[PDB]
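J.: This is target18.cif, which holds mmCIF, N, CA and C atoms:
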```cif
data_protein
loop_
_atom_site.group_PDB
_atom_site.id
_atom_site.type_symbol
_atom_site.label_atom_id
_atom_site.label_comp_id
_atom_site.auth_asym_id
_atom_site.auth_seq_id
_atom_site.Cartn_x
_atom_site.Cartn_y
_atom_site.Cartn_z
ATOM 1 N N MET A 4 -16.815 0.457 3.507
ATOM 2 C CA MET A 4 -15.682 0.411 2.601
ATOM 3 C C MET A 4 -16.202 0.538 1.169
ATOM 4 N N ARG A 5 -15.324 0.455 0.181
ATOM 5 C CA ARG A 5 -15.724 0.566 -1.230
ATOM 6 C C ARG A 5 -16.767 -0.506 -1.612
ATOM 7 N N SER A 6 -16.750 -1.640 -0.901
ATOM 8 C CA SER A 6 -17.740 -2.700 -1.073
ATOM 9 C C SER A 6 -19.135 -2.239 -0.581
ATOM 10 N N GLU A 7 -19.272 -0.926 -0.388
ATOM 11 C CA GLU A 7 -20.471 -0.288 0.127
ATOM 12 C C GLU A 7 -21.718 -0.678 -0.659
ATOM 13 N N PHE A 8 -21.531 -1.153 -1.892
ATOM 14 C CA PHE A 8 -22.645 -1.561 -2.754
ATOM 15 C C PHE A 8 -23.552 -2.568 -2.034
ATOM 16 N N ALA A 9 -24.793 -2.690 -2.503
ATOM 17 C CA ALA A 9 -25.826 -3.480 -1.807
ATOM 18 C C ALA A 9 -25.343 -4.879 -1.462
ATOM 19 N N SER A 10 -24.713 -5.542 -2.416
ATOM 20 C CA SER A 10 -24.171 -6.856 -2.171
ATOM 21 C C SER A 10 -22.646 -6.822 -2.230
ATOM 22 N N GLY A 11 -22.110 -5.699 -2.711
ATOM 23 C CA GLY A 11 -20.674 -5.555 -2.830
ATOM 24 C C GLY A 11 -20.134 -6.199 -4.088
ATOM 25 N N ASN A 12 -21.024 -6.843 -4.849
ATOM 26 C CA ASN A 12 -20.640 -7.522 -6.080
ATOM 27 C C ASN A 12 -20.251 -6.514 -7.154
ATOM 28 N N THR A 13 -20.828 -5.315 -7.091
ATOM 29 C CA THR A 13 -20.485 -4.258 -8.025
ATOM 30 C C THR A 13 -19.042 -3.821 -7.840
ATOM 31 N N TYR A 14 -18.574 -3.921 -6.606
ATOM 32 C CA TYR A 14 -17.205 -3.618 -6.289
ATOM 33 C C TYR A 14 -16.285 -4.638 -6.970
ATOM 34 N N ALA A 15 -16.677 -5.904 -6.872
ATOM 35 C CA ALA A 15 -15.985 -6.981 -7.561
ATOM 36 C C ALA A 15 -15.913 -6.730 -9.056
ATOM 37 N N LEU A 16 -16.965 -6.138 -9.592
ATOM 38 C CA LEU A 16 -17.039 -5.835 -11.009
ATOM 39 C C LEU A 16 -16.113 -4.673 -11.370
ATOM 40 N N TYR A 17 -16.185 -3.620 -10.547
ATOM 41 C CA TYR A 17 -15.390 -2.408 -10.726
ATOM 42 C C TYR A 17 -13.911 -2.744 -10.739
ATOM 43 N N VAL A 18 -13.459 -3.408 -9.693
ATOM 44 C CA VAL A 18 -12.056 -3.783 -9.573
ATOM 45 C C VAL A 18 -11.621 -4.728 -10.709
ATOM 46 N N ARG A 19 -12.456 -5.728 -11.017
ATOM 47 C CA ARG A 19 -12.111 -6.714 -12.044
ATOM 48 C C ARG A 19 -11.748 -6.069 -13.394
ATOM 49 N N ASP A 20 -12.451 -4.993 -13.748
ATOM 50 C CA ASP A 20 -12.204 -4.309 -15.017
ATOM 51 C C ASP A 20 -10.822 -3.697 -15.025
ATOM 52 N N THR A 21 -10.419 -3.086 -13.930
ATOM 53 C CA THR A 21 -9.145 -2.381 -13.885
ATOM 54 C C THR A 21 -8.013 -3.315 -13.468
ATOM 55 N N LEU A 22 -8.326 -4.323 -12.676
ATOM 56 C CA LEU A 22 -7.321 -5.277 -12.221
ATOM 57 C C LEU A 22 -6.906 -6.246 -13.323
ATOM 58 N N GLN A 23 -5.904 -5.861 -14.078
ATOM 59 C CA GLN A 23 -5.303 -6.733 -15.074
ATOM 60 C C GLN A 23 -3.986 -7.282 -14.549
ATOM 61 N N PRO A 24 -3.523 -8.422 -15.089
ATOM 62 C CA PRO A 24 -2.228 -8.988 -14.719
ATOM 63 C C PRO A 24 -1.113 -7.942 -14.745
ATOM 64 N N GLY A 25 -0.565 -7.635 -13.580
ATOM 65 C CA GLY A 25 0.449 -6.606 -13.483
ATOM 66 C C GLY A 25 0.046 -5.505 -12.529
ATOM 67 N N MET A 26 -1.248 -5.447 -12.176
ATOM 68 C CA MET A 26 -1.708 -4.512 -11.172
ATOM 69 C C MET A 26 -1.346 -5.026 -9.777
ATOM 70 N N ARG A 27 -0.657 -4.189 -9.006
ATOM 71 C CA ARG A 27 -0.278 -4.551 -7.663
ATOM 72 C C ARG A 27 -1.482 -4.433 -6.731
ATOM 73 N N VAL A 28 -1.506 -5.265 -5.705
ATOM 74 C CA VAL A 28 -2.642 -5.292 -4.787
ATOM 75 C C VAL A 28 -2.176 -5.331 -3.339
ATOM 76 N N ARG A 29 -3.038 -4.870 -2.460
ATOM 77 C CA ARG A 29 -2.791 -4.958 -1.036
ATOM 78 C C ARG A 29 -3.932 -5.691 -0.344
ATOM 79 N N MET A 30 -3.601 -6.568 0.575
ATOM 80 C CA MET A 30 -4.594 -7.323 1.331
ATOM 81 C C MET A 30 -5.174 -6.434 2.409
ATOM 82 N N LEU A 31 -6.425 -6.089 2.206
ATOM 83 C CA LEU A 31 -7.105 -5.094 3.029
ATOM 84 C C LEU A 31 -7.771 -5.760 4.241
ATOM 85 N N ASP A 32 -8.092 -7.046 4.101
ATOM 86 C CA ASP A 32 -8.731 -7.803 5.173
ATOM 87 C C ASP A 32 -7.835 -8.972 5.543
ATOM 88 N N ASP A 33 -7.954 -9.450 6.781
ATOM 89 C CA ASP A 33 -7.143 -10.582 7.224
ATOM 90 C C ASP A 33 -7.932 -11.879 7.074
ATOM 91 N N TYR A 34 -7.339 -12.875 6.404
ATOM 92 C CA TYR A 34 -8.087 -14.054 6.038
ATOM 93 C C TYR A 34 -7.177 -15.267 5.818
ATOM 94 N N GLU A 35 -7.356 -16.289 6.653
ATOM 95 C CA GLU A 35 -6.688 -17.574 6.540
ATOM 96 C C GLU A 35 -5.171 -17.421 6.644
ATOM 97 N N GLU A 36 -4.446 -17.917 5.637
ATOM 98 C CA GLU A 36 -2.990 -17.845 5.614
ATOM 99 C C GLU A 36 -2.505 -16.417 5.391
ATOM 100 N N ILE A 37 -3.356 -15.613 4.769
ATOM 101 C CA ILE A 37 -2.988 -14.262 4.392
ATOM 102 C C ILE A 37 -3.374 -13.311 5.524
ATOM 103 N N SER A 38 -2.579 -12.282 5.719
ATOM 104 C CA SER A 38 -2.796 -11.354 6.804
ATOM 105 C C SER A 38 -3.013 -9.943 6.281
ATOM 106 N N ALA A 39 -3.795 -9.148 7.004
ATOM 107 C CA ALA A 39 -4.052 -7.781 6.611
ATOM 108 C C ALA A 39 -2.763 -6.977 6.541
ATOM 109 N N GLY A 40 -2.570 -6.291 5.434
ATOM 110 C CA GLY A 40 -1.353 -5.525 5.226
ATOM 111 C C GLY A 40 -0.411 -6.185 4.246
ATOM 112 N N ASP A 41 -0.666 -7.453 3.907
ATOM 113 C CA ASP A 41 0.144 -8.146 2.908
ATOM 114 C C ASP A 41 0.002 -7.443 1.563
ATOM 115 N N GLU A 42 1.077 -7.382 0.810
ATOM 116 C CA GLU A 42 1.038 -6.767 -0.504
ATOM 117 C C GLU A 42 1.493 -7.769 -1.543
ATOM 118 N N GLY A 43 0.934 -7.683 -2.727
ATOM 119 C CA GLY A 43 1.205 -8.661 -3.746
ATOM 120 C C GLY A 43 0.837 -8.152 -5.122
ATOM 121 N N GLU A 44 0.880 -9.032 -6.095
ATOM 122 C CA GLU A 44 0.595 -8.648 -7.469
ATOM 123 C C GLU A 44 -0.556 -9.500 -8.030
ATOM 124 N N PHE A 45 -1.324 -8.908 -8.927
ATOM 125 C CA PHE A 45 -2.445 -9.591 -9.572
ATOM 126 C C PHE A 45 -1.939 -10.337 -10.796
ATOM 127 N N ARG A 46 -2.008 -11.659 -10.741
ATOM 128 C CA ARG A 46 -1.542 -12.506 -11.837
ATOM 129 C C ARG A 46 -2.665 -12.803 -12.819
ATOM 130 N N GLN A 47 -3.795 -13.252 -12.290
ATOM 131 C CA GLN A 47 -4.936 -13.619 -13.122
ATOM 132 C C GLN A 47 -6.174 -13.789 -12.245
ATOM 133 N N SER A 48 -7.341 -13.839 -12.860
ATOM 134 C CA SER A 48 -8.569 -14.035 -12.120
ATOM 135 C C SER A 48 -9.512 -14.954 -12.855
ATOM 136 N N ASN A 49 -10.551 -15.406 -12.172
ATOM 137 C CA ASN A 49 -11.625 -16.121 -12.830
ATOM 138 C C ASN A 49 -12.726 -15.127 -13.159
ATOM 139 N N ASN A 50 -12.845 -14.785 -14.444
ATOM 140 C CA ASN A 50 -13.661 -13.653 -14.892
ATOM 141 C C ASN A 50 -15.156 -13.947 -14.823
ATOM 142 N N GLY A 51 -15.670 -14.125 -13.611
ATOM 143 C CA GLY A 51 -17.096 -14.230 -13.413
ATOM 144 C C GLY A 51 -17.438 -14.663 -12.008
ATOM 145 N N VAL A 52 -16.456 -15.236 -11.306
ATOM 146 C CA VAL A 52 -16.644 -15.682 -9.929
ATOM 147 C C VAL A 52 -15.637 -14.995 -8.999
ATOM 148 N N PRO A 53 -15.923 -14.987 -7.687
ATOM 149 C CA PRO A 53 -15.069 -14.340 -6.663
ATOM 150 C C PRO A 53 -13.578 -14.744 -6.666
ATOM 151 N N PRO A 54 -13.200 -16.045 -6.856
ATOM 152 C CA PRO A 54 -11.782 -16.469 -6.811
ATOM 153 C C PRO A 54 -10.865 -15.698 -7.766
ATOM 154 N N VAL A 55 -9.807 -15.117 -7.187
ATOM 155 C CA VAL A 55 -8.804 -14.387 -7.954
ATOM 156 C C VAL A 55 -7.398 -14.899 -7.580
ATOM 157 N N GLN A 56 -6.557 -15.073 -8.570
ATOM 158 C CA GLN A 56 -5.216 -15.625 -8.361
ATOM 159 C C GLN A 56 -4.221 -14.487 -8.145
ATOM 160 N N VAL A 57 -3.778 -14.333 -6.913
ATOM 161 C CA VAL A 57 -2.864 -13.264 -6.556
ATOM 162 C C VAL A 57 -1.619 -13.816 -5.903
ATOM 163 N N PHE A 58 -0.478 -13.256 -6.241
ATOM 164 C CA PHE A 58 0.773 -13.643 -5.633
ATOM 165 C C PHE A 58 1.119 -12.670 -4.505
ATOM 166 N N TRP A 59 1.216 -13.175 -3.283
ATOM 167 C CA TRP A 59 1.488 -12.318 -2.147
ATOM 168 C C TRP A 59 2.966 -12.291 -1.853
ATOM 169 N N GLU A 60 3.501 -11.077 -1.874
ATOM 170 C CA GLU A 60 4.922 -10.853 -1.791
ATOM 171 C C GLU A 60 5.481 -11.175 -0.407
ATOM 172 N N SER A 61 4.858 -10.651 0.647
ATOM 173 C CA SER A 61 5.437 -10.773 1.983
ATOM 174 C C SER A 61 5.455 -12.233 2.433
ATOM 175 N N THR A 62 4.443 -12.986 2.040
ATOM 176 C CA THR A 62 4.385 -14.410 2.351
ATOM 177 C C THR A 62 5.200 -15.195 1.331
ATOM 178 N N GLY A 63 4.929 -14.920 0.063
ATOM 179 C CA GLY A 63 5.614 -15.601 -1.012
ATOM 180 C C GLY A 63 4.766 -16.749 -1.528
ATOM 181 N N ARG A 64 3.474 -16.679 -1.287
ATOM 182 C CA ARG A 64 2.562 -17.733 -1.694
ATOM 183 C C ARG A 64 1.534 -17.150 -2.647
ATOM 184 N N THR A 65 1.176 -17.908 -3.676
ATOM 185 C CA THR A 65 0.065 -17.535 -4.531
ATOM 186 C C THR A 65 -1.236 -18.050 -3.913
ATOM 187 N N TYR A 66 -2.258 -17.224 -3.932
ATOM 188 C CA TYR A 66 -3.490 -17.533 -3.220
ATOM 189 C C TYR A 66 -4.693 -17.054 -4.011
ATOM 190 N N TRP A 67 -5.803 -17.787 -3.925
ATOM 191 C CA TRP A 67 -7.044 -17.309 -4.501
ATOM 192 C C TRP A 67 -7.783 -16.482 -3.461
ATOM 193 N N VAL A 68 -7.909 -15.200 -3.733
ATOM 194 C CA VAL A 68 -8.423 -14.243 -2.776
ATOM 195 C C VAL A 68 -9.857 -13.871 -3.141
ATOM 196 N N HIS A 69 -10.299 -12.701 -2.710
ATOM 197 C CA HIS A 69 -11.688 -12.316 -2.869
ATOM 198 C C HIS A 69 -11.707 -10.855 -3.292
ATOM 199 N N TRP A 70 -12.496 -10.513 -4.292
ATOM 200 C CA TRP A 70 -12.537 -9.149 -4.813
ATOM 201 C C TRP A 70 -12.768 -8.095 -3.718
ATOM 202 N N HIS A 71 -13.715 -8.355 -2.834
ATOM 203 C CA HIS A 71 -14.122 -7.364 -1.838
ATOM 204 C C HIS A 71 -13.050 -7.096 -0.782
ATOM 205 N N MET A 72 -12.001 -7.916 -0.724
ATOM 206 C CA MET A 72 -10.961 -7.727 0.282
ATOM 207 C C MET A 72 -9.639 -7.293 -0.351
ATOM 208 N N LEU A 73 -9.714 -6.904 -1.616
ATOM 209 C CA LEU A 73 -8.519 -6.471 -2.339
ATOM 210 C C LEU A 73 -8.421 -4.951 -2.394
ATOM 211 N N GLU A 74 -7.259 -4.437 -1.993
ATOM 212 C CA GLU A 74 -6.960 -3.015 -2.112
ATOM 213 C C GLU A 74 -6.086 -2.796 -3.347
ATOM 214 N N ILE A 75 -6.511 -1.917 -4.235
ATOM 215 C CA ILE A 75 -5.795 -1.735 -5.507
ATOM 216 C C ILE A 75 -4.603 -0.794 -5.360
ATOM 217 N N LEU A 76 -3.445 -1.264 -5.808
ATOM 218 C CA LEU A 76 -2.223 -0.464 -5.815
ATOM 219 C C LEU A 76 -1.645 -0.495 -7.216
ATOM 220 N N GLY A 77 -2.528 -0.602 -8.200
ATOM 221 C CA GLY A 77 -2.127 -0.790 -9.576
ATOM 222 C C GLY A 77 -1.553 0.463 -10.188
ATOM 223 N N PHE A 78 -1.239 0.389 -11.477
ATOM 224 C CA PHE A 78 -0.626 1.495 -12.216
ATOM 225 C C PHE A 78 0.762 1.777 -11.662
ATOM 226 N N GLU A 79 1.421 0.737 -11.145
ATOM 227 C CA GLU A 79 2.741 0.859 -10.565
ATOM 228 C C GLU A 79 3.784 1.232 -11.631
ATOM 229 N N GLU A 80 3.482 0.888 -12.872
ATOM 230 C CA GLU A 80 4.369 1.188 -13.994
ATOM 231 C C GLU A 80 4.154 2.631 -14.435
#
```
Show the structure stored in the file as structure tokens.

T.:
Amino acid sequence: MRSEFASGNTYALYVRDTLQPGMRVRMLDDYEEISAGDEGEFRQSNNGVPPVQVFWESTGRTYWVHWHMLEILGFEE
């Protein structure tokens, strides 16, 4: 996947730059309460660590997700 990078942390970096509050996201991996295919919006992130604050639409819950499992659907505007 895009996390193809050696540790995949570069992917976290790549996405973090473009993922600003308002960029829509899709859950690419299935994890805990969240399920693969869930779609949501990027509210905010912790600018240096994996935890990202995303609001998932289909569930209706805000969750701290992981950069490497986020599919970008941004530029919706």

J.: Give, as lines of an AutoDock Vina configuration file, the centre coordinates and the x, y and z edge lengths in Å to one decimal for an axis-aligned box around all listed atoms of segment 18-22 of chain A, padded by 8 Å on each side.

T.:
```
center_x = -10.2
center_y = -4.5
center_z = -12.3
size_x = 22.6
size_y = 20.3
size_z = 21.5
```

J.: To verify the selection step, state as number ranges by chain which residues the PyMOL selection byres ((chain A and resi 56) around 5) yields on this input.

T.: A: 46-48, 54-55, 57-58, 66-67

J.: Could you list, as a ChimeraX atom specification, every residue matched by the PyMOL selection byres (((chain A and resi 69 and name CA) around 9) and name CA) in this structure?

T.: /A:15,53-55,67-68,70-73

J.: Report, in Å to a single decimal, how far apart atom CA of residue 42 of chain A and atom CA of residue 27 of chain A are.

T.: 7.6 Å

J.: With only C-alpha atoms as the atoms that count, which of A:76, A:31, A:16, A:37 lies nearest to residue 49 of chain A?

T.: A:16

J.: Show me as a list in words the residues that reach within 12 Å of (5.6, 3.0, -14.8), counting only C-alpha atoms and using the file's own coordinates.

T.: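 Residues lying no farther than 12 Å from the given point: residues 25, 26, 27, 77, 78, 79 and 80 of chain A.
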
J.: Run DSSP on the backbone and tell me which residues of chain A come out as alpha helix (DSSP H); list them as a VMD selection string.

T.: chain A and resid 12 to 21

J.: In Å to one decimal, how far is atom C of residue 35 of chain A from atom N of residue 59 of chain A?

T.: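 Atom-to-atom, atom N of residue 59 of chain A to atom C of residue 35 of chain A, that is 12.5 Å.
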
J.: Just list the residues in chain A DSSP gives strand (DSSP E) on the backbone, as a list in words.

T.: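 Listing strand (DSSP E) positions across chain A yields residues 27, 28, 29, 30, 42, 43, 44, 45, 46, 47, 48, 54, 55, 56, 57, 58, 59, 64, 65, 66, 67, 68, 69, 73, 74 and 75 of chain A.
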
J.: Using only C-alpha atoms, determine which residues lie at most 8 Å from residue 18 of chain A, disregarding the query and same-chain residues fewer than 4 positions distant; provide the list as a ChimeraX atom specification.

T.: /A:14,22,70,75

J.: Around (-0.1, -15.0, 4.4) in the file's frame, which residues reach within 8 Å when counting all atoms listed in the file? Return as a PyMOL selection string?

T.: chain A and resi 34-39+41+59+61-64

J.: Please report the interatomic distance between atom CA of residue 74 of chain A and atom CA of residue 44 of chain A in Å with one decimal.

T.: 10.8 Å
